[PDB]
Amino acid sequence: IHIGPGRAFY
Amino acid sequence: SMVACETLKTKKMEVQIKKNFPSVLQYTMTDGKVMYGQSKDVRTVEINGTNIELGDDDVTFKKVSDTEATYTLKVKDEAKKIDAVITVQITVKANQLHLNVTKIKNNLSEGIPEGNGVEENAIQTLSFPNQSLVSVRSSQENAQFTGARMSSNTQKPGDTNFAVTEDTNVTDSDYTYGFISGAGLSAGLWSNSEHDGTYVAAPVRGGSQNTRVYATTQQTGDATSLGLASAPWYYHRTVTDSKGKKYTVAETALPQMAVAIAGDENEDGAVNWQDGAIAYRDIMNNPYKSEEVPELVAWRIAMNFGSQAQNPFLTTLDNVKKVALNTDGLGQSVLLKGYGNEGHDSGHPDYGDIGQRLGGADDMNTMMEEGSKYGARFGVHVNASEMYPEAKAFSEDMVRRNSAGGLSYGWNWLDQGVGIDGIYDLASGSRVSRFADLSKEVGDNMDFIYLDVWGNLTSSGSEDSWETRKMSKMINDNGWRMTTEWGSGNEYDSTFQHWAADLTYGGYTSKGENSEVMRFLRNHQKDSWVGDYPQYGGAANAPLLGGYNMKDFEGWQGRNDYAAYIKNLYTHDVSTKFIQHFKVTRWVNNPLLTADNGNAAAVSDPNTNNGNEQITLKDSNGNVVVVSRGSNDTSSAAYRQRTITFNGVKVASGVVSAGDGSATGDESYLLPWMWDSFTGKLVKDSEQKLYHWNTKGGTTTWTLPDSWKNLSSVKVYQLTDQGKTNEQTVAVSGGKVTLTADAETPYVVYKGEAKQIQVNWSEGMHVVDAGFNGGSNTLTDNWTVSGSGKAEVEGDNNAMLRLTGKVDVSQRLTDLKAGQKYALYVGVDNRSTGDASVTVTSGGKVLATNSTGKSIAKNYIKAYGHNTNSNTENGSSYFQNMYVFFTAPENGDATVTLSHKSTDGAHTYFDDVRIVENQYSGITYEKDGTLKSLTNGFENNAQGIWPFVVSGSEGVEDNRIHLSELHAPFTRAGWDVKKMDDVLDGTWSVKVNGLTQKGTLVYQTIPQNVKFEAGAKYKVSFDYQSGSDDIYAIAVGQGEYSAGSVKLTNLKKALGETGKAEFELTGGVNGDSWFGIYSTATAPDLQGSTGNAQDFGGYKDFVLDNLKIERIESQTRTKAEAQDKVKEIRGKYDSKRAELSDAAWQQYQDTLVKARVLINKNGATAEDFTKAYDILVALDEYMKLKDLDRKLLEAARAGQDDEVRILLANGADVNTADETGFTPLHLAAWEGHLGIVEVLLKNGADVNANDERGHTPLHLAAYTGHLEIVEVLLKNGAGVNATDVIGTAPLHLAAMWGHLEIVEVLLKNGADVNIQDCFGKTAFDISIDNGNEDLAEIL
Ligand SMILES: [Mn+2]
Ligand SMILES: [Mn+2]
Ligand SMILES: [Mn+2]
Ligand SMILES: [Mn+2]
């Protein structure tokens, strides 16, 4: 699942 | 010589009666069997809770005849202010004895003073304590007591069954029904007592607790005697209203009681309550019009809400004809919820106010008169507990007040509901005069009244049986059948309970009547029982008698599935109703009754149905119905297996599909329908029919009824919305028939060829088949199709007209008043880019015309047939009403044409052609067909909030937007805590109630209502009232609404003083321009108001009136000027290609290409050059703001505190979102720019703003590890327990990394540790999975 405007997963 | 007793006698019995008191010694039947009365010298009379024992000189006696005697009782008590003379008559007929109090004389008053004033020393209550009218002894063979109390709980029976032994000890033990059996005789006691007592389960009052029988034990020699007496009666009861005003109200009826002596009435070889119950039916009260209940196969609600007119009366009549065709003419019961005022929960308590937008009293009467021909009964939803300031009945005396002297507030939705003072409403004669107002309108056409919420205590803390009886009387006096909401409510006079018939409501503890005694006696008289709903268990697990299962298809709770409605009628309702045509005679082996629930002496027989449950029912023509349970064990598959026999022949077999819609069954039936749909009399041998249903489908063999045994063949028809179809001739061999059926498909069986039910679609509607219910044939018989394209009747739910290509659909208009003004509107969903039109012509001359391009607004009306949850096409519906206004010609010749111009291939959907008398004359046109001016004061709206349409701020809802009505001073600012006016000019306005902080469109104009020409300029103005500053804004857009494509202008506060708004609009290139009302993200100023004052104050509301849209003169431009403006705009934004989004470039390119088409067309004029220039100016102003917004999102991300301030001061929107939904606040919190976060919030950035993944700026700040930003966001009012699409809170994100102090500040601010994501993980589980033992240590 994505969280930010970049390529950050969680 | 002088004897102390007399004998009253009939052909069936002799009775000894005492001369010194109205007591019976014993009843002797012709066979010699004896039943005792009162063997002891008990002469007690209770008045106003005081017992007075009478002496020999206090009673005088007179024998009138062998069947009647009269008593005069002198009841005096100086100390307790009692001095009365009571006249009592004892009558006997057949096996019945009646004891009636025929006169009550008060020697202490001159009666009730005028206006229901307080009668001092009034006889309020009266009873005969331990009168023992009928009694059983412990010394008698099978001495038993059977009682019933009210139970709405499916797990708790309302019955008690026990043996009368020496240890039996009761004193005024109160029951709704009581039966005593002993020494071969059984008897029940009937009373008209309004006493409320002991009950098993009931969630409300409203006559749920009515106990009419008192059981008492006394010693009779060495035996214990259990005697039955009436519960106390009310006579001249003194009541108090909410203001402390006292009133004396006269009796509903004089005191009455009766007994009926039975032997073995069902000839089953035993004497119990069931025998006494068969006899009891001869003496018991029968609800008014209960005789028609078996005929009401098809119950349903036709819904109207918030000025929308979703179901006008003449549309309801069409739906009645559709259901008649599909049921082969079975009886119907239609509840009109929203018949009055603006619809449902509007205009209460104005019963006489029939909704003018539905067609008023004239169309309501046509529907009722014409519908009666099809066996349809009509009734209206009324409220006697809550009122609205708009209602003419609203007054200071009508208002329910609390101890403090404030309003007793109800619910706020469209308007603020206020509790009615129920005691004042009754005692002043107010309610009875409002019902009289309705009676004057409907005459003898209406069948029932539906009383909502009575018993929930919103009118007063009482709403007892005495109150319910007076209520039921004023309704029944007007020729109306009584129906009510709650399952337990009004046991005495109700024939229907909404929470009984609709099994989905309120759970197992708040259903219909769970009593074997009550359902034995009255199953055939009411729809007030427990039906199938396995989920609830107990009584709801496959009742043998079934029970009504109510569904709807006309908007009630957004219900619109017609196929599901019909399927349901056949699954449960046809057999329930078939069973109700017979009266219960025997009921053995009930598995719900056990020794543990006080039913040790319950009726058992191991020689009947293997000791499993069986019910025997009989009619007056000696027809026997036997209903059997397969097994009495719930863990056995056979518990749900039921066999129904009609005269010893199997007519039904199997398991029904679960009433809760959870599991399909296997039940099949071939039910004989012998009755007409009127008074349910037997039809002729020719008209006799059978209904066939097979749940799973397949082939079944049946024995036909006795009258059918010698036929050689039968005629079988499949039932559809078109009537009888696919006729089959089926052979009869040995009185047996084999039937092949499709799964869940209705069939009707006749002896010979059956005629089609005659239906003339849309009677009184000036057009034939206005709703397209006539099938494919309607386009040949009623409507005329012309053109190269296709016209089709589409939709397997609510049928619509579907057009493709160049096609016209026409029909002549009938019964129009010459010279009279009419509105013609039609539902339209256009998916084609080509114009969909509606035209009214008179001999090839256009009277009025209107058209629409591609539809841009989805329908959000829950109660409407074509809302966006119904799927007109591609999972959506854009249905909206398109109007034409015309004057009917003197000529008498008028035609309606619905048409499509394109050859697009895309569809246009049309439905519900409505021609109605209407005085709206606010539209003026230019020389060319275009708009000059549109004015609207909303005084003449045929329907809805036209020229506006409801938007999706609440999704598909019973939208809190409607036309508000004037009723001064109650609707005006200043009355109570009300700070806003409901109406600004005239009688009507457009009111928005509490739709604040939605961050979306509330309502909008659409091009089919008001067309703005491309490049043309318009002045829009209106009068308004807004609760707070910037809570609502004027929205201006083009095409379908999308967040971030609308021009917004915040409206200032105008609370109690009318504001004036005016702006200019330039029509977009595609002609799809519109304006509307938008709910901003701004919080309302409640001005320190608390509780209901927050909603009634008007701080959260918006009122609009006196709308004026006028085409304005713009500064004339030359081709040169327009060409230079093209160059100017191109010079600015041609380069900016990469900067703006791909959707923004195509919007810029489109507008630029279309403006150049206007400029460079051969023979273009000054108007074309002015339009092209104005389009470019509006394009420039749009692109300028779009650039500023893009620059603001880049300055908030890069960390430029200066640029952010500059851009905000110039014009850039603080709440601008990128493609993925990130606001500048999101970007500032993520990147870590504390100053920028503070700057944006100071300006007014949304702190609870969500991106596409549901992440708020707090989620982004918690994940990254920005303590500073986390704290400043929470300070501003950020949601601490805000969850994204996976249900992840900021607490989970902080636990994921190990941001200890972020977890601390979150927990300090109120972060819930119990919050679970979609995968059931807490913040605790997420910390242990990442290897952070230090975080898990806390909790
Ligand atoms: Mn019997
Ligand atoms: Mn239709
Ligand atoms: Mn007005
Ligand atoms: Mn209203």
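No hydrogens, no waters, no symmetry mates; every other heavy atom, side chains included, goes into these values. Atoms within a ligand are numbered from 1 in the order they appear, just like the ligands themselves. Convention: sequence-line order gives letters A, B, ...; per-chain numbering from 1.
- Each of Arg559(B), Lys337(B), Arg300(B) was scored for a salt bridge (charged side-chain N to carboxylate O under 4.0 Å, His left out) with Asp552(B), with one residue passing: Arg559(B).
- Distance check for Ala799(B) against the Mn ion (ligand 2): an N/O/S atom falls below 2.8 Å.
- Residues satisfying the side-chain contact (heavy atoms from CB on, under 4.5 Å) criterion with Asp421(B), sequence neighbours excluded, are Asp241(B), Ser242(B), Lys243(B), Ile423(B), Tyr424(B).
- Ion pairing between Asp829(B) and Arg831(B) holds under the 4.0 Å rule for side-chain N and carboxylate O.
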Begin from the C-alpha positions of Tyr1003(B) and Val949(B) and carry the test side chain to side chain contact (heavy atoms under 4.5 Å, CB included) through to its verdict. CA-CA 6 Å; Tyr1003(B) 60 77; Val949(B) 302; over 6 Å; no

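- Annotation: cation-pi pair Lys821(B)/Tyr920(B) absent, no NZ/CZ under 6.0 Å from the ring centroid and within 45° of its normal.
- Each protein N, O or S atom less than 2.8 Å from the Mn ion (ligand 4) was counted, giving 3.
- Judged by the 6.0 Å distance and 45° axis criteria, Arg812(B) is not positioned over the aromatic ring of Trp783(B).
- Proximity of a side-chain donor or acceptor of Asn304(B) to a complementary backbone N or O of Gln310(B) within less than 3.5 Å is detected.
- Between the OD1 atom of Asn798(B) and the OD2 atom of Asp911(B), the angle centred on the Mn ion (ligand 2) amounts to 80° when rounded to 10°.
- Environment of NZ in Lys998(B): crowded, with over 12 heavy atoms of neighbouring residues, nucleotides or ligands closer than 6.0 Å.
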Would you mind writing out the side-chain donor-acceptor pairs for residues 1051-1060 of chain B within the sub-3.5 Å range, not counting sequence neighbours?
unit_1: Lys1052(B); atom_1: NZ; unit_2: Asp1030(B); atom_2: OD1; d: 2.8
unit_1: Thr1058(B); atom_1: OG1; unit_2: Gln1025(B); atom_2: NE2; d: 3.0

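- The side-chain contact (heavy atoms from CB on, under 4.5 Å) test with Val884(B) singles out one residue from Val838(B), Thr839(B), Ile915(B), and that residue is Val838(B).
- Note on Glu1062(B) versus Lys1108(B): no salt bridge recorded, every NZ/NE/NH1/NH2 to OD/OE distance being 4.0 Å or above.
- Look at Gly795(B) and the Mn ion (ligand 2): no N/O/S atom of the residue is under 2.8 Å from the metal.
- Near the Mn ion (ligand 3), less than 2.8 Å away, sit the protein N, O or S atoms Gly937(B) O, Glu939(B) OE2, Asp985(B) O, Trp988(B) O, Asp1105(B) OD1, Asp1105(B) OD2.
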